[PDB]
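Next up: just one chain, as structure tokens, the form deposited in one PDB entry.
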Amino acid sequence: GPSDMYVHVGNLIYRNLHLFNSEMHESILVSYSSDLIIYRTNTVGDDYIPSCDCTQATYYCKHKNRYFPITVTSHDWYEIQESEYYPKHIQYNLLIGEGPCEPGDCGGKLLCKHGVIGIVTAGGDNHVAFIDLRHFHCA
């Protein structure tokens, strides 16, 4: 659903590594540099990760409990200021754009007209960053 804070495609669940990492040894894929973890699940999800290059997007902002349109820009990597879960660091495979973000917002879905392309991973001042999931799926 629109409010689910993760992506569920077939039997794969995509989530923020910093909010998983507990059963990390049971996961199927981990990208430490991208705050991403993927694992097998027993139910089938209906999300779909496309392989487009869209920048016209929309995302779920948990603390506002609503969706916001957003224009995102790709970044192979980018500096990310310290937080409550990650200290100052460079993160990779990002999508950034302007919009609200507060602690607890990670996992929120970012979608383009084709499907889900990311999940919230970080928030700065007036900007929000997402993991570009298109980079972890075969076309």
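Residue indices: 1-based, along the sequence shown. Throughout, rigid core stands for the largest set of C-alpha atoms superposing within 1.5 Å between the two forms.
Between 84-92 and 26-34, the higher mean Cα B-factor belongs to 84-92. In this entry, 16-24 shows the higher mean Cα temperature factor of the pair 126-134 and 16-24. Per the PDB record, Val44 has a higher Cα B-factor than any other of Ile70, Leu111, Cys106, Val44.
Looking at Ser51, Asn65, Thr55, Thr58, the one whose CA carries the top B-factor in the deposited record is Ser51.
Below, we refer to the form deposited in another entry, which is not included among the displayed structures.
Taking 2 Å as the criterion, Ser27 counts as shifted between this form and the one not shown: its C-alpha moves by at least this amount when the rigid core is aligned.
Relative to this form, in that other deposited form the C-alpha atoms of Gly10 and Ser22 approach one another by 3 angstroms or more. Note: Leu94-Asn21 Cα separation is 3 Å or more longer in that other deposited form than here.
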